[PDB]
């Protein structure tokens, strides 16, 4: 078929693939610095502002927390309702997706040269 079901506008280029949660919500970062949560019907569930572009896909944790790195150097942990659970500061931009260990530890590399292991 190949027809448009909908389009959803962000402010700048979307450089990484979206991620779909179990409840169908689609998550996508934008170069406009926001993480968007989009309902299956194309309406905005919420958006979360980081300070600079989001270059890599978000990752969804076992408990539903959404993790995303920003060019503002922080790794963000976002609750399913769109409020910030926490943010973790690294020295430079985070250009790749975090990885979650089986025991819940969040691993993320930074342009500051370190691999960080973070408690969930």
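Residue numbers count along the first chain shown, from 1.
S.K.: Classify residue 105 as lowest, middle or highest third according to the C-alpha B-factor given in the PDB entry, relative to its own chain.
M.R.: Highest third, going by the recorded CA B-factors of the chain.
S.K.: Looking at the temperature factor on the CA atom of residue 93, which third of the chain's modelled residues does it land in?
M.R.: Highest third - that is where residue 93 ends up once the chain's C-alpha B-factors are sorted.
S.K.: Grab the CA temperature factor for residue 44 from the record and place it in the lowest, middle or highest third of its chain.
M.R.: Middle third - that is where residue 44 ends up once the chain's C-alpha B-factors are sorted.
S.K.: Please place residue 33 in the lowest, middle or highest third of its chain according to the CA B-factor in the PDB entry.
M.R.: CA B-factor rank for residue 33: middle third.
S.K.: Based on the deposited C-alpha B factors for this chain, I'd like to know if residue 18 is in the lowest, middle or highest third.
M.R.: Lowest third of the chain for residue 18's C-alpha B-factor.
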